[PDB]
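First up is the structure itself, then whatever we jot down about it.
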Amino acid sequence: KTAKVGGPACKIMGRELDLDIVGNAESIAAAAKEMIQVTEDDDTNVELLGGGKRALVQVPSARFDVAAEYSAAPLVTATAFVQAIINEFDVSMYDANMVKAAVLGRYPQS
Amino acid sequence: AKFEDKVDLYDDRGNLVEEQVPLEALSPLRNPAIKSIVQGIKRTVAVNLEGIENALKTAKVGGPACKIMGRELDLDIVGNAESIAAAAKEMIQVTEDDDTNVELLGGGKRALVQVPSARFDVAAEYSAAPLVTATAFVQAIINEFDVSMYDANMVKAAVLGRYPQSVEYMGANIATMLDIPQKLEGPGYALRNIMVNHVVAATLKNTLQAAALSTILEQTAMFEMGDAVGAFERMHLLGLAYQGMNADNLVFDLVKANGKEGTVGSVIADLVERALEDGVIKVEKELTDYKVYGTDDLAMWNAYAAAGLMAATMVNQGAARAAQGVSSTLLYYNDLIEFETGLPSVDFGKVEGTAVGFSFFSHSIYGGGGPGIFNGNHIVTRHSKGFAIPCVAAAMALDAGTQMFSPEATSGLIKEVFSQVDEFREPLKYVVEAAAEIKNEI
Amino acid sequence: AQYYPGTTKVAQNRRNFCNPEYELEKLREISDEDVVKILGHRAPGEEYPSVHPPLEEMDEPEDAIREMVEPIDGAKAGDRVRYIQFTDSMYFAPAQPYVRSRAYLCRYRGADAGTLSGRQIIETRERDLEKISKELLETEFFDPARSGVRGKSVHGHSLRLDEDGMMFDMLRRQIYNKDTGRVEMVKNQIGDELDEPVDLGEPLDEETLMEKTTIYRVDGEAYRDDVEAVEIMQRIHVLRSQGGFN
Amino acid sequence: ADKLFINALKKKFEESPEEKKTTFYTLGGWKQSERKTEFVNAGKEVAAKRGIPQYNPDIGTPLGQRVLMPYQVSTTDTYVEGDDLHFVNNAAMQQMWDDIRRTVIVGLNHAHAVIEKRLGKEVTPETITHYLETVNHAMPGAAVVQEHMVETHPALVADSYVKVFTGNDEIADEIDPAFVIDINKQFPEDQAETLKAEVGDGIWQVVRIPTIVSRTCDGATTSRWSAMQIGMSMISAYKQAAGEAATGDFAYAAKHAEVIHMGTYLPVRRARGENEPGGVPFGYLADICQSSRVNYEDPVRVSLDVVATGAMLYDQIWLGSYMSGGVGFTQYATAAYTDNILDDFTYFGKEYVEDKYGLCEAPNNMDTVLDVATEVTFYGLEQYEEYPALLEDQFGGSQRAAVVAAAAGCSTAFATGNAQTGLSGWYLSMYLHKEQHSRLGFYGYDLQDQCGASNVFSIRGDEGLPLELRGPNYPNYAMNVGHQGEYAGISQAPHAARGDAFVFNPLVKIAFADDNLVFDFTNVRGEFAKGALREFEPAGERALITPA
Amino acid sequence: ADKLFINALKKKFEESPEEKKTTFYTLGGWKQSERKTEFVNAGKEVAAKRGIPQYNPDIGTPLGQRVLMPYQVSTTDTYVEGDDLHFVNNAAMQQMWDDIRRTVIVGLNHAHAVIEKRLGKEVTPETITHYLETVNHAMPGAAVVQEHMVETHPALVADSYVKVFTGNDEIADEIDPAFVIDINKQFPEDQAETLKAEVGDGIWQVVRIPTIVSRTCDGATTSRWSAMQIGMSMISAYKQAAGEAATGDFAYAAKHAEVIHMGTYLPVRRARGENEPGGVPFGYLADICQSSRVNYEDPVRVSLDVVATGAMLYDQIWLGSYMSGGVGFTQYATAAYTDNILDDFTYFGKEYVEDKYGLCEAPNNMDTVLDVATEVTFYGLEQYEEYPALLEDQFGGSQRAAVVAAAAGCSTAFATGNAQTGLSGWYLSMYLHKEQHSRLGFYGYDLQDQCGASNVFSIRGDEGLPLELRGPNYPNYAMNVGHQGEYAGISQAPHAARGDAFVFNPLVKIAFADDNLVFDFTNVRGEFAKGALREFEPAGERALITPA
Ligand code: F43
Ligand SMILES: C[C@@H](OP(=O)(O)O)[C@H](NC(=O)CCCCCCS)C(=O)O
Ligand SMILES: O=S(=O)(O)CCS
Ligand SMILES: O=S(=O)(O)CCS
Ligand SMILES: [Mg+2]
Ligand SMILES: [Mg+2]
Ligand SMILES: [Mg+2]
Ligand SMILES: [Mg+2]
Ligand SMILES: [Mg+2]
Ligand SMILES: [Mg+2]
Ligand SMILES: [Zn+2]
């Protein structure tokens with residue numbers, strides 16, 4: 001809502017998006033969990049905290065037994081939440097990069 | 001199943017093996033042979049016992065041209081390889097009947113080592129393979145010869161190099177297909193930082209097997225990077241099946257039809273005709289003497305065009321028996337097919353873009369080198385999400401000896417060790433067999 | 001195959017260079033020895049050097065792909081990979097850089113083609129390169145005033161022509177003869193003097209340059225007026241954009 | 001009036017600019033050139049003094065078979081040979097990079113909280129002024145606590161100092177004004193109010209370390225050097241023990257918790273620490289350039305002063321030396337800041353957008369991208385066809401691709417007020433240009449160009465990012481000339497058309513609004529011309545400590 | 001005879017060096033010093049010129065309540081205030097680092113093989129001399145193939161060039177001597193024998209890029225700049241297409257497969273590319289210093305010339321600036337190269353070992369470490385107790401810990417002929433000194449000292465390494481002053497006592513045997529004195545392109 005993305009004190013004037021993410025947390029979390037999991041009822045956990053302000057996410061262990069390392073946890077979680085937010089609000093192609101910036105920051109420039 | 005698609009699976013001779021296999025039975029997240037290949041490559045190390053012994057004898061440790069006069073140690077390591085390897089294995093294993101493997105090769109000059117899978121399930125990443133291997137061999141050589149406290153640091157230098165003054169194991173006499181985690185261009189990239197010449201060495205230059213190993217590594221990294229999550233998953237799986245696994249025998253039959261006299265352009269004509277015949281594309285609009293094609297399934301059009309791209313590389317660089325033109329094939333197969341059809345090229349331009357910079361960095365003064373030294377983590381060739389590098393591995397398999405930096409030059413230690421492992425050498429076989437085994441679990 | 005959209009002479013010429021069924025017009029006759037001298041890689045009567053042994057001498061394992069793909073003749077022999085590179089004036093040369101790389105991968109086997117603004121190159125096995133080079137130098141791929149064979153010092157695609165209608169060449173490899181109206185090649189493509197010059201024939205006149213060119217320009221046919229070609233380019237832009245998002 | 005580049009084409013060649021024919025090979029090669037002639041003589045002297053051959057005009061091929069051209073520095077009346085715009089030969093270009101490399105922004109907010117909470121001491125404007133007098137003794141390399149310290153010569157480090165800024169005007173006016181970047185003096189009213197609202201009651205230092213140290217060392221020295229002397233001055237001015245546990249909170253705050261680097265560090269294949277050119281994001285480079293606070297009535301001038309800043313830094317110093325070297329990439333960059341060429345194309349596009357939509361009033365969508373970027377691309381390319389002298393001037397296709405696409409992408413963003421659709425118009429320009437002329441740039445120029453359309457609006461891990469957050473380490477952009485400084489201009493374009501005070505970081509924008517810098521960031525192209533004329537005076541020279 | 005430090009102590013103070021008492025507080029503070037008075041006057045002129053307060057003697061505490069001492073540069077008769085040995089004020093120290101940073105070693109072996117196999121072309125002494133004339137035009141930034149290139153000013157880059165060396169006398173004797181580092185001329189016969197055997201028939205380039213570019217940019221620029229211009233000169237000299245597939249094998253060889261960097265890249269917390277000081281191993285620093293080929297009959301002088309080289313680079317520029325900054329660490333390093341103090345102690349230890357064991361004839365074991373390192377530690381400590389003026393001169397405990405342990409460690413290695421037992425001697429000296437005086441160094445001095453004994457002979461992953469392969473990035477050594485240059489001297493010590501031509505890399509040793517360097521690496525301490533006197537002439541300045 002403030003377009004404050006990409007690191008300390010950063011802001012892009014004109015890029016603000018006013019989306020009710022916390023009010024629709026349940027639906028967004030469910031949508032993200034369906035992308036995160038490998039099969040229904042595996043060891044994926046997505047639990048809301050703080051009246052929908054936060055989520056605990058545990059990416060399924062199986063994704064790790066076919067990975068070299070551990071970065072699939074932030075990277076699969078980030079992209080599942082980005083896609084679930086875009087899909088919740090039908091964010092357009094032109095604006096969706098700001099959802100990506102708000103979730104994962106200035107990566108991969110940083 | 002999340003997806004309804006099925007594919008027919010073949011062997012590297014173009015014969016059918018298994019019909020109507022659900023697409024997800026080839027996913028790295030489900031197929032047990034992909035899991036065993038990836039866990040195998042995380043835990044496999046090649047040890048050059050000859051090389052350790054020669055570095056010690058000459059005191060040539062710590063990187064190119066380095067030597068410490070007065071530190072020479074003459075130890076009969078290859079003569080006592082059997083006892084040194086057994087002593088190493090006892091420190092490497094967790095229990096006596098686990099999946100630790102230590103096997104001498106070349107009369108004791110080399111050892112193939114597979115560190116137990118268990119050490120990995122309690123590790124963050126994969127560096128326990130070279131680090132547990134290197135210390136077990138350092139300690140087994142010291143204990144074999146009773147090397148003194150004053151001299152033992154030379155055995156460490158001969159095995160692992162200038163580390164930790166250098167970040168890499170500079171001068172080491174051990175090798176792995178993976179490289180250190182600090183060299184990743186982004187998080188999730190480690191299965192991409194595997195030199196093309198090491199995949200070609202491991203598969204003994206079998207074209208289809210090198211393309212399948214490379215595709216399995218690239219597309220498994222696309223899952224670890226989150227690229228194959230949600231909207232994009234099916235595109236990645238169909239790419240893996242059609243470009244890397246010869247699904248439907250599409251790559252094989254294109255090469256069969258264009259191998260005698262064909263060009264990149266003739267393979268393109270055949271692939272567009274096959275896509276039309278299968279209903280993947282259809283004529284949307286007529287302009288003046290020019291049909292504009294459309295598709296209601298972008299992931300499948302992309303997969304079919306990816307299989308054509310692999311066939312075009314095999315036909316173009318197979319005909320020259322020279323790998324350098326794979327950079328041009330990757331560019332112009334995609335540039336030609338978009339003006340032939342009105343539809344977007346493989347990976348929506350990203351293969352074409354990777355091939356522009358790869359052609360520059362393999363024909364100019366600024367960096368890069370021949371095709372064999374690239375990889376999915378190299379800055380020039382990271383951009384397409386798994387659809388470019390497998391073609392470079394097919395091209396290098398087909399090269400008859402035009403490269404200075406050939407797999408014989410860069411990858412001889414990796415060849416000797418890693419080609420011993422059946423699932424690394426012949427992955428197409430094992431991943432097909434596993435997909436048939438789990439076909440009713442999807 | 002359709003090759004390229006559009007309703008201009010330029011569009012049709014782009015399709016004809018790609019289409020291997022289209023017979024390229026032959027404009028000039030050059031001997032085999034003179035193709036070898038212009039390439040500059042070996043002297044007349046020198047054996048093809050090798051980069052590796054003949055394929056029949058090597059012991060290759062069973063590979064269905066190698067068995068299905070016939071090697072070109074210079075690959076069977078083990079010949080070096082060498083090149084030929086051309087520069088094309090933007091004042092209506094008949095071939096132009098992308099047109100060359102696209103056409104070379106439709107017409108020719110085992111080809112490594114590279115495109116740049118001021119040079120365009122093909123690398124392949126030496127004896128096969130000599131056969132392709134004769135076709136590139138004798139036909140309408142080449143005009144001896146508006147195109148140049150140049151392995152270095154390529155400047156001139158974007159320069160004004162001289163008073164003879166010749167493109168600039170820092171190394172003056174192609175010299176216009178006012179007495180014949182014909183151009184001679186006096187140096188090989190890397191700039192070394194030839195013992196005897198090669199006749200490259202007369203430059204194409206302005207009307208025939210306009211008939212055969214594949215560049216769009218406001219003073220010929222403008223791309224913005226070939227509205228079906230611009231439609232396909234804009235469609236590819238939009239489809240790539242949408243595909244990359246979702 | 002004439003096209004803006006006509007005067008320069010009439011200066012370069014004897015023919016009128018529309019004339020298709022000329023004559024070559026008659027100018028005596030290098031001997032036509034004042035600069036080449038100076039170089040041949042200097043090479044003779046260098047090789048004789050050292051006993052090793054060096055510059056020799058007869059090695060390789062002979063330059064100057066065609067005219068060796070002068071170039072107009074755009075916005076000026078200065079014409080120089082292009083050697084005078086090589087970064088090695090231009091002290092203003094070297095100082096522009098030294099002034100960025102040696103700057104860091106360092107908060108005082110955590111620091112003042114540590115003094116009030118841990119030490120239990122009060123902070124006021126007076127205590128801030130006493131700390132600023134102390135740190136302006138210490139920062140250039142002089143002692144405040146220990147006996148028998150040996151120190152830097154004050155005149156070798158005269159360019160090093162610390163200033164502050166805050167959005168609270170009454171606190172700003174209570175600190176001694178020798179130390180304060182005055183937001184209301186340096187910015188017009190509406191931009192001053194925007195910037196002061198962003199900063200609020202925050203108080204930030206702008207620290208500049210010595211150019212002679214930056215040149216001896218590297219960019220990652222800057223935030224460490226700054227923190228050592230902030231730490232000594234906090235000890236001295238607030239009466240700490242000289243090294244107690246609380247001393248480490250000032251260190252962590254100055255080196256990590258409240259620091260803004262100009263650049264972030266790079267990955268191992270191109271390893272570099274902080275404050276190197278590859279880490280500087282495009283939005284920060286637009287903010288460092290100060291044209292936005294002086295030429296705000298003219299969004300084209302603001303956007304193209306950012307393109308000049310970025311083309312020189314990113315292509316000549318960064319890609320042409322840090323990532324390559326040699327003769328390098330002078331004219332790949334000069335194409336974007338000489339002969340008023342990109343200026344003519346971008347004014348055309350701004351006027352087109354004004355007439356059809358109004359600035360910032362077009363729909364932010366693909367129909368606007370297709371309309372504006374295609375129109376502007378065809379105007380630029382028609383200029384090279386109508387004027388053969390223009391085509392012989394920008395003789396490399398990459399230089400034409402960068403200039404035409406920069407005008408098309410800036411004009412798209414003037415229409416939508418959004419940099420992302422500006423960036424899509426840059427890529428469509430390249431595709432249209434490639435089909436029009438059957439060529440685009442050098443062998444490797446359109447790696448990012450062919451990945452470009454699909455990555456503009458992607459949201460994936462290493463693909464998706466607003467253009468202001470991208471920079472020379474965005475993966476597709478990490479290698480090639482002729483793009484990075486134009487993307488900094490496209491990032492500036494919508495915000496100049498909207499009248500925004502900054503593009504990506506308001507602290508960066510204020511930190512360069514300071515006439516104590518050695519380079520004048522308000523007039524980047526004027527400074528480049530002053531350095532080409534050998535009239536710029538850099539910091540960091542060693543004359544004071546070497547023989548007369 | 002007088003201890004070696006007596007003349008310097010007699011010049012510093014009016015009292016004889018044995019006297020216990022003095023008087024303080026009557027010298028007028030900073031007014032006693034020529035250099036401090038220069039600095040006060042320059043701060044006032046700087047502050048007025050720029051409108052911001054700067055150097056002021058009345059800020060913080062008043063220097064000079066005691067004598068502000070002169071220092072003798074060891075092995076010279078030059079006495080200077082310590083400010084003249086600060087790296088900012090000493091152009092010889094800055095040039096020493098520039099000459100290392102701008103050098104890379106690049107083989108011609110792979111490149112000659114690409115020419116013979118891929119291109120089918122011959123390589124001869126003739127084609128090599130032609131190539132060297134070409135690369136000596138190209139390397140400083142001049143063109144060999146394209147038209148309309150703009151180039152560096154030859155006189156700004158007069159310090160850049162390319163030489164070659166080879167162990168094959170018949171090639172080396174046939175090339176123009178202008179391009180050859182002649183091993184037989186530069187090295188005494190037995191060392192020349194050893195070095196030519198290590199090189200064999202290999203042919204290696206020593207490439208020096210321009211100091212003005214190294215200073216604008218960074219160390220990771222050197223091997224890229226080098227490879228660009230080797231690549232151009234291979235095209236021009238061997239008649240390749242100017243950009244064909246074989247061109248890429250010359251790039252890969254020049255940047256990766258046959259390159260020797262002076263330093264390797266660093267991890268992210270201290271992120272830096274290649275050719276930065278933290279990546280230079282101790283054995284390479286010893287081989288960069290050229291004292292071993294001039295002063296070989298005196299192993300103490302060779303070892304202490306390496307200690308001077310490394311104390312200055314690793315403590316003053318690297319740890320004192322790159323990793324910290326400010327006033328920095330001049331006198332932590334001057335302790336190791338002034339007043340002949342480390343020389344006195346090390347000459348004592350050498351004589352002790354030569355009389356007891358004979359050089360390199362003691363057993364290589366802990367009994368020899370216990371004997372020699374304890375004897376020499378007690379000798380050095382007794383000098384500070386016997387000479388109150390010596391203790392007041394090296395007033396900081398870290399200075400005394402580094403000097404005493406350097407002498408103990410070098411002397412242990414002169415006994416054993418092995419650097420690892422010399423390193424164990426260095427740690428034992430630290431433990432004995434800490435117990436003798438109930439103090440050692442600064443708060444953090446003996447991090448590596450207390451890990452030290454246990455890590456000297458460890459073989460574990462990030463612990464075990466021969467001392468020649470360690471450097472500033474060995475984990476325990478990454479942070480702290482007063483160790484790294486001394487370890488380079490211990491690495492040199494056993495090899496100087498053995499008569500070895502090099503310590504760790506013969507190509508590095510030969511690469512600095514060159515009088516066309518700007519700094520004279522055969523006489524590092526002499527050079528430091530010349531720069532302190534303002535008599536050294538560096539490269540890199542911009543005077544030719546700035547106003548008078
Ligand atoms: C050897 C290469 C291959 C390679 O890896 N780099 C080269 C050469 C290199 C050298 C040329 C210096 C010299 O002459 O010694 C330098 C200056 C880099 C360096 N090592 O300092 C350079 N190119 Ni190049 N290079 C350039 C360009 C170009 C254009 C020139 C086209 C023309 O018609 O003149 C073409 C690519 C294309 O066709 O698009 C080009 C090619 C080439 N480029 C061909 C040589 C072409 C020839 O044989 O003449 N550059 C440009 O298009 C403009 C900017 C220009 C750069 C110098 C500057 O920016 O001032 C220079 C940048
Ligand atoms: C590709 C990579 O080089 P390597 O393949 O790692 O040798 C890289 N150079 C570059 O990106 C060169 C870019 C600058 C010169 C070309 C500009 S178009 C680098 O050195 O890290
Ligand atoms: O000719 S190349 O495109 O490789 C280099 C252009 S500077
Ligand atoms: O006092 S501390 O040991 O922290 C610093 C010494 S420079
Ligand atoms: Mg029809
Ligand atoms: Mg004939
Ligand atoms: Mg119109
Ligand atoms: Mg000013
Ligand atoms: Mg000298
Ligand atoms: Mg001298
Ligand atoms: Zn620097």
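To find a chain, count down the sequence lines: A is the first, B the second, and so on, and within it residues start at 1. These values consider heavy atoms only, across backbone and side chains, with no hydrogens, waters or symmetry-generated copies.
In terms of the side chain to side chain contact (heavy atoms under 4.5 Å, CB included) criterion, residue partners of B:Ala323 (sequence neighbours excluded) are, by chain and number, B:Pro371, B:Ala395, B:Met396, B:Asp399. Among residues two or more places apart in sequence or in another chain, the side chain to side chain contact (heavy atoms under 4.5 Å, CB included) test is passed with C:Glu206 by C:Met210.
Looking only at atom types and distance, the side chain of D:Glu435 has a donor-acceptor partner in the side chain of C:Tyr4 under 3.5 Å away. For the residue pair C:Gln96 / D:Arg439, a side-chain donor-acceptor distance below 3.5 Å is found, with atom types taken as modelled. One side chain, E:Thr247 or E:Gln240, offers a donor N or O that lies under 3.5 Å from an acceptor on the other. Side-chain polar atoms of B:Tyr332 and C:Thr115 form a donor-acceptor pair below 3.5 angstrom. Using a 3.5 Å distance cut-off with no hydrogens or angles, the side chains of B:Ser327 and B:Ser359 do pair a donor with an acceptor. No hydrogens or angles considered: a donor-acceptor pair under 3.5 Å links the side chains of C:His155 and D:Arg66. For the 3.5 Å distance criterion, the side chains of C:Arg127 and C:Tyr48 fail to qualify, holding no donor opposite an acceptor. Inspection of the E:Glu258 and E:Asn109 side chains reveals an N or O donor paired with an N or O acceptor under 3.5 Å.
Between C:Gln85 and the options C:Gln120, C:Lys152, C:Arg119, a side-chain contact (heavy atoms from CB on, under 4.5 Å) holds for only C:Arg119.
A 6.0 Å sphere centred on NZ of C:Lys76 holds more than 12 heavy atoms belonging to other residues, nucleotides or ligands. Remark: C:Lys131 NZ is loosely packed, at most 12 non-hydrogen atoms of other residues, nucleotides or ligands lying under 6.0 Å away. Summarising the local packing, CD of C:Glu211 is surrounded by more than 12 heavy atoms from other residues, nucleotides or ligands at distances under 6.0 Å. Heavy atoms of other residues, nucleotides or ligands lying less than 6.0 angstrom from NZ of C:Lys187 number more than 12. Heavy atoms of other residues, nucleotides or ligands lying less than 6.0 angstrom from CD of C:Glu46 number more than 12.
A salt bridge links C:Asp195 with C:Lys37: the closest approach of a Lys/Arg side-chain nitrogen to an acidic carboxylate oxygen falls below 4.0 angstrom. With salt bridges taken as basic N to acidic carboxylate O contacts below 4.0 Å, none links C:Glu47 and C:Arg42. Salt bridge present: D:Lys434 and B:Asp335 bring a charged side-chain N and a carboxylate O closer than 4.0 Å. Note on C:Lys212 versus C:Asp143: no salt bridge recorded, every NZ/NE/NH1/NH2 to OD/OE distance being 4.0 Å or above. Remark: C:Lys134 engages C:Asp32 in a salt bridge, criterion side-chain N to carboxylate O under 4.0 Å. Ion pairing between a basic and an acidic side chain is recognised when a charged N comes within 4.0 Å of a carboxylate O; C:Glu70 and C:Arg109 show no such pairing. A salt bridge between C:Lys26 and C:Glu23 is absent, with no side-chain N of the basic residue lying under 4.0 Å from a carboxylate O of the acidic one.
Nearest heavy atom pair, residue C:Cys106 against residue C:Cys18, reads CB-O, 3.1 Å. For the residue pair E:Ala242 and E:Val145, the shortest heavy atom distance occurs at CB-CG1, 4.3 Å. Pairing each heavy atom of C:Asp169 with each of C:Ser153, the nearest pair is OD1-O, 4.1 Å.
E:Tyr238 is listed as a side-chain neighbour of E:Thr127, based on a closest heavy-atom distance under 4.5 Å. Within the 4.5 Å cutoff, side-chain heavy atoms of E:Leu119 are placed close to those of C:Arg82. Using a 4.5 Å heavy-atom threshold, the side chains of B:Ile365 and E:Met234 count as separate. At a threshold of 4.5 Å between non-hydrogen side-chain atoms, the residues C:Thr124 and C:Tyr108 do not count as touching. Contact of the C:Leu116 side chain with the C:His157 side chain is not registered, since no non-hydrogen atoms from C-beta on lie closer than 4.5 Å.
Although no hydrogens or angles enter the test, the distance criterion places no donor-acceptor pair under 3.5 Å between the side chain of C:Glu126 and the main chain of C:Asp79.
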Worked check of side-chain hydrogen bond (donor to acceptor under 3.5 Å, both in side chains) between C:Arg100 and C:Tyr104: CA-CA 6 Å; C:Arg100 291 176 181 280; C:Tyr104 288 9; 3.1 Å; yes
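Aromatic ring orientation, B:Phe360 versus B:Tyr366: tilted (interplanar angle from 30° to 60°). Using bins of under 30°, 30° to 60° and over 60° for the plane-to-plane angle, the ring pair C:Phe168/D:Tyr25 lands in the parallel bin.
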